[PDB]
Structure formats: C-alpha cells, structure tokens
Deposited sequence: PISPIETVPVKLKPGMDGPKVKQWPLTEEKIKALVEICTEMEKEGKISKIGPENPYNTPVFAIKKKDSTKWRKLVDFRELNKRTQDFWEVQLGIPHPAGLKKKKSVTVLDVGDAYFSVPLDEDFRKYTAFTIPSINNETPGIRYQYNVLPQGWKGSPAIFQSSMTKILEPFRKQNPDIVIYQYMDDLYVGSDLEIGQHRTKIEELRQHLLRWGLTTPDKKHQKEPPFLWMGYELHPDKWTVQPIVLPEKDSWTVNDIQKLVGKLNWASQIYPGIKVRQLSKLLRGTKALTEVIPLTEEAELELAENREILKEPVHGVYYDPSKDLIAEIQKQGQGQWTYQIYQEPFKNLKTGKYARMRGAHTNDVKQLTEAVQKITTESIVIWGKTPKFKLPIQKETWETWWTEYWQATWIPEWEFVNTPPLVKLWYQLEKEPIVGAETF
C-alpha cells in the first residue's frame, strides 16, 4: 500500500523539454526502458499527460553498463516537503542504492508527474513517453518514502559495526570508517553482501586561504593591485586595513615606478597577512537557505571555489587542480564540490557557473558520473574576483 504524496501548494508539475541525445545514450535508454517496462516499473503513456522531465544516461568507468538518469530537479523543487562525524572518517565509500527504490510502488495520483520522453535519432519517430509506477531514482520523495525500510536493512550492520557511519542522500549511500584501506574495503563488501541479501577521504579536504604577494621591490602597479585586493577582502575580513599602503600611492605616478615600503606600510601588510589566517567569523550554516557555490577559472587547470549562503559569509573556500578540456574539468569540479557539500552539510549547492549556457549544455553530460544533479545558473565572472582568489 502506497504513501500519498503531493505537490507544494500552487505548483503544477514539471514541463521541461527533452534535449537531444547521442545514439549511444538512446540505445542504452531504449534497452533499459523496455526491460523496466517488462518488470512493471514504468508504463507507456500518451500526450494527454502534459508533464515532462529530461532523461539521459551515463556509462561508468571502464564498464559496458549504462545508468539511466532522470533529471528530476524541477519535480524535486515542486515536491511537497545529518551525521557530523561523516566528515572526519579517513575513508568514505559511496554506493549506488537506487535499485532498492523499485521495490516500493508509487502513489497513483503522483505517477503522472514523473513522465519522461525518449527521442529518436533524426526524429525517425515521435518521442516515446513513459511514467513511473515505483519510486523513481533521483526523486527526492524516494529516499523519504523508503527511509523506514532502509533503517531496517542497515540496523544489524550498524549495531555490529558501531564505528562505521552510514549516510544516505538520494540514490547514494555514504559509508565512512577509520579502518585501514583493505579492512575498510572488506567492510564495504560486507555491506554490499548484506544489501544483496535483501574512494573519498574527507580528511584531505582543505581550505584555500586568500594569499598576499611577498616580494623585495614593489612598483606602483604592484601596490595598486594589492590595495584593490585588500579592499575587496575587507568585506570578508573586516580586520583588513589599507591606509598606510594607500598613502604610498600619493601623487600621480608611473605604473612601473618602484615604491620603497615604509615601516608602517610594511607593518600593516604584516597584520593583514595574519588577519587572513583566521577563520571567517560569524558564519552559521542555515538549512532553510540554499548553499551557493561560485567557481572561478584560474587557468592552468586550476579552479577556485567558495561556498556560502550570504555574500562574503563563506562556509568553505577551496581549490581544484587538474592535468586540456575546460568544460570537462568544470564538470568534474562541480561534482567534487557537490560531493563535499553532501558530506559536510547533507545538502546540494546551487552553482554559479563561469561558462556560457549553450557551451555547458552542449557537453556537460559527457563528463557526468554522479546519480544526482545540482541546481545551477550561468554567470560571467567579473575578472576582478578571478584576481582575488588567485594562486
């Protein structure tokens, strides 16, 4: 018997257009769907169902098996309404427990909101439309409805393994331990056996502090860059000051003129360097608000990011370095940053991506390996903040 589910008040279901898919992905999708249809989990539907949600498919690692991925972000926004110890574990392992959901049927009056459409190559046919009969992978209702059954499956494993932390987020199960790798892995395989029957390291993660140049001669240009940087940074760290450094710039000087640093300007630069090695004071994570992530391209495979909920109130600031394909690296960056957020606060950030919308949409699903998909928006990075978080 089914758990009634509803939409938030005054919201209609998703009506998002399916985007074009490669031949590979359509073949995988058609193969997957016909068998899901043969198991009763999805049903063919017509066009009188006015709702829709995009689908695609990712193939994993070195495998020859694809995974369907319904982009349920809109439906999740409209669907009716966390272990702190997870972020310490030496190893964290992430398993895909999405298959579990197809054991629970889905509320009849809600099924129509899960509609999706399979495209054909060169539009040989009209789209083929399906809807779900069971808890769909990637819907936010799915882990909720199935939670009670989930607790009951882990219960023996958890009891017998008290120092293993198991966390669930959507289709994912995060499993952390302080075990030696090998004992950890032997444990993970213990749980898969356990589940069948029915690598992360959040230590390594480190903050990327704001940096100040150090050098033996400064030009007017050097100092102008510095004062501008510090002025911005004072919005984050109110203890930054720039009066002495700025009085070295009195007059109308050539950019390449060399300015010897006075005692106090040397001093003030010394404080600032230390005021920067403090934690941002007064930042309290609030679950009623979205995590927001900004990413700036620093070049050379280097990417800087900050996570915050209110301007200049960072929860984390970090770096992502890589080996060249910007769009791939960016897509990888976004997955790593989301991963960290789920592990640290149990939520998914909203991304401000420094890329053109068509550029991103044309390629991001070639590099996507997660079972969830974060909200995002596209923005043109003002070239200034690129300088501020610079290496």
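Chemist: Which bits of the deposited sequence have no atoms placed for their C-alpha?
Modeler: Several regions go unmodelled: 1-5, 87-95, 213-232, 358-361, 430-440.
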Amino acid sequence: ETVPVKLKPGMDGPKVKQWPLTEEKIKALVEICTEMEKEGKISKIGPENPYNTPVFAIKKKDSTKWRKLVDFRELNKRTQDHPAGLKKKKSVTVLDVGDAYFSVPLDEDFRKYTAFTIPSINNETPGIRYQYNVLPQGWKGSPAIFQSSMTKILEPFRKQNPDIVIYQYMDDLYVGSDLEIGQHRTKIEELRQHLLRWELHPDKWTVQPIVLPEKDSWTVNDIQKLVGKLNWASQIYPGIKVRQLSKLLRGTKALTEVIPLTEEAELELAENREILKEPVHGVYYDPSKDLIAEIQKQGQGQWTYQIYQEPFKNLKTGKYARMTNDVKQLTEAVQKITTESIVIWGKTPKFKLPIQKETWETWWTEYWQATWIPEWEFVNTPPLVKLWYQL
From here on, numbers count along this sequence of modelled residues.
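Chemist: Where do the C-alpha atoms have the higher mean temperature factor in this entry, in 14-22 or in 373-381?
Modeler: Mean B over CA atoms: larger for 373-381.
Chemist: Mean C-alpha B-factor higher for 148-156, or for 249-257?
Modeler: Stretch with the higher mean C-alpha B-factor: 148-156.
Chemist: Select one of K112, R192, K140, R129: the residue whose C-alpha shows the highest B-factor in the crystal structure entry.
Modeler: Answer, based on the entry's C-alpha B-factors: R192.
Chemist: Among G228, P213, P119, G299, single out the one with the highest C-alpha B factor in the record, please.
Modeler: Of the candidates given, the C-alpha B-factor peaks at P213.
Chemist: Using the B-factor values recorded in the entry, state whether the Cα atom of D96 falls in the lowest, middle or highest third among the modelled residues of its chain.
Modeler: Within its chain, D96 is a middle-third residue by C-alpha B-factor, going by the deposited values.
Chemist: Taking the entry's C-alpha B-factors for this chain, is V207 in the lowest, middle or highest third?
Modeler: Highest third.
Chemist: Sorting the chain's modelled residues by C-alpha B-factor, tell me whether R78 ends up in the lowest, middle or highest third.
Modeler: Answer is middle: the recorded C-alpha B-factor places it there.
Chemist: For the chain shown, is the CA B-factor of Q183 in the lowest, middle or highest third of its modelled residues?
Modeler: CA B-factor rank for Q183: highest third.
Chemist: Would you please rank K38 by its C-alpha temperature factor against the other modelled residues of its chain and give the third it falls in: lowest, middle or highest?
Modeler: Middle third, going by the recorded CA B-factors of the chain.
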